[PDB]
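If you're matching them up, the sequences are chains A and B in order. Every position in the first sequence, counted from 1, becomes a number in the entry's author numbering once 392 is added. Every position in the second sequence, counted from 1, becomes a number in the entry's author numbering once 639 is added. The beta-carbon is built from N, C-alpha and C at its ideal position, and this holds for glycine as well. Here's the structure we're looking at; comments come further down.
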Amino acid sequence: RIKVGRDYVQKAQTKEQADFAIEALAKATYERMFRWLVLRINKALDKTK
Amino acid sequence: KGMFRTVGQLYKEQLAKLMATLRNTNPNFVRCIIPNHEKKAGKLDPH
């Protein structure tokens with residue numbers, strides 16, 4: 393669901409487009425997980441003084 | 640001509656945007672009927 397300029401409309405997606413979207417979503421999820429892990433490691437290492 | 644347009648183009652362009660919005664939804668049609676043209680209550684015209 394994305395707006396074409398005014399109102400919302402259900403855009404169509406093909407097989408290749410759906411596969412590319414799934415791949416991009418998985419990549420973004422993995423990147424966010426790695427970033428969260430790095431942030432947690434930094435916080436645990438930077439908690440003394 | 641494009642800088643002036645006409646009244647017919649406004650309704651055609653304005654109505655086009657309205658019809659395009661209803662197609663992207665679930666219309667719930669409600670048919671309204673009038674019994675008679677004499678504004679009388681209770682009387683009905685079969686024709």
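Contact of residue 663(B) with chain A is assigned, a C-beta pair being separated by under 8 angstroms. Secondary-structure assignment with DSSP links residue 395(A) through a beta bridge to 400(A). Taking 8 angstroms as the cut-off, the Cβ atoms of residue 393(A) and residue 405(A) do not count as close.
Within the model, the alpha-carbon separation for residue 432(A) versus residue 425(A) is close to 11 angstroms. Spanning the alpha carbons of residue 437(A) and residue 430(A) requires a straight line of approximately 10 angstroms. Within the same chain, no residue comes within 8 angstroms of residue 411(A) by CB-CB distance, once the 5 residues on both sides are set aside.
When Cβ-Cβ separations below 8 angstroms define contact, residue 411(A) makes no contact with chain B. Residue-level contact by beta carbon fails for residue 438(A) and chain B, as no gap is shorter than 8 angstroms.
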